[PDB]
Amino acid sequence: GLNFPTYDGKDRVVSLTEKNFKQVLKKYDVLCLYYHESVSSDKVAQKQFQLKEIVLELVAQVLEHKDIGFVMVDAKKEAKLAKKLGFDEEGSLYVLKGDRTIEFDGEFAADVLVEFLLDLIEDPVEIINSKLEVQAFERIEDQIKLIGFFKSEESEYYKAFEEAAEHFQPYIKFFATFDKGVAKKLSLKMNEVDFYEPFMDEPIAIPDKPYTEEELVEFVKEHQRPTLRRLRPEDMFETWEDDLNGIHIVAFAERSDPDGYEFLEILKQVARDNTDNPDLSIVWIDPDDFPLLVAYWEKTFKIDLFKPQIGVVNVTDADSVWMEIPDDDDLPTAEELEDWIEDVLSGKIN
């Protein structure tokens, strides 16, 4: 009687062609498009694509009716109906929806994608009214999140807020409320929006309310790189290119293993203490979310990931300089961690 999403074997990721084009884009609400080009029976390349293709048919199965559309676009055949779609570089997974095209960076894995797609499908702004609502919003701490108080769903400034929201889906969170009490509690004024940078207590208030679409958007583009940020799988790839200065100050910490949890609660202090520093952005990778990679990192970095760590790694010529506290050592604290971060240049360009 069915049971469990164990792949069917079936074929749901069809290929776009100028033939079907018409009727595919106007058959589906969201349409997920993976642009590629596969070389001969270069079994490596065939095996490398076969993974991606399988992931998509399993995502396609999980979300069969929900109505997203899963297609394939080749770069040697169908290369003009691809530039007549926008697709500037091979291998990427695009999604067309509020008609726009979200670029999906992030691990190519079916569970990730399903969550991704199942967020684009919902609308950009989540509205709050109750205590479990306001409390579940007050819960998110590791995602950027903007909340704004408005008059109505038809508030012309609310409508600017939802339009700004679209430019950032699924990755950033916009929420609104119309209820007066909720806003008393969350300390918002009328048409005012508060910006919560992750792992800081305080929300910075977006200045000089009411705001324009383009003002809200400018701000979220200004404040988009938090002082400490989590390496989430939704966007793992996007944050690994958002280079701070050529490097990444990376910090590992398992937030269950109590040396790691503890190491984290220090990490947020340096983060709260050095917010307005432009040049300091810490990516925290909880090793428990990245198995595959834990092995790879542990070995190309010359550290023990089953312990806490924080170092500098250059995004280009692959070497790292870890605060290996060089025996191994068991410490730190903020004053000691800031000073080593502050000193990364003595451990660099002198």
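Don't overthink the numbering: it's just position in the shown sequence, from 1.
- Between 85 to 93 and 112 to 120, the higher mean Cα B-factor belongs to 85 to 93.
- Between 5 to 13 and 322 to 330, the higher mean Cα B-factor belongs to 322 to 330.
- When the Cα B-factors of 99, 162, 194, 107 are read from the PDB record, 99 comes out highest.
- Remark: residue 38 belongs to the highest third of its chain, ranked by C-alpha B-factor as recorded.
- The entry lists a Cα temperature factor for residue 312 that places it in the lowest third of the chain's modelled residues.
- In this PDB entry, residue 303 carries a Cα temperature factor that places it within the highest third of its chain's modelled residues.
- In this PDB entry, the Cα temperature factor of residue 244 sits in the top third of its chain's modelled residues, the highest group.
- Among all modelled residues in its chain, residue 290 ranks in the lowest third by Cα B-factor.
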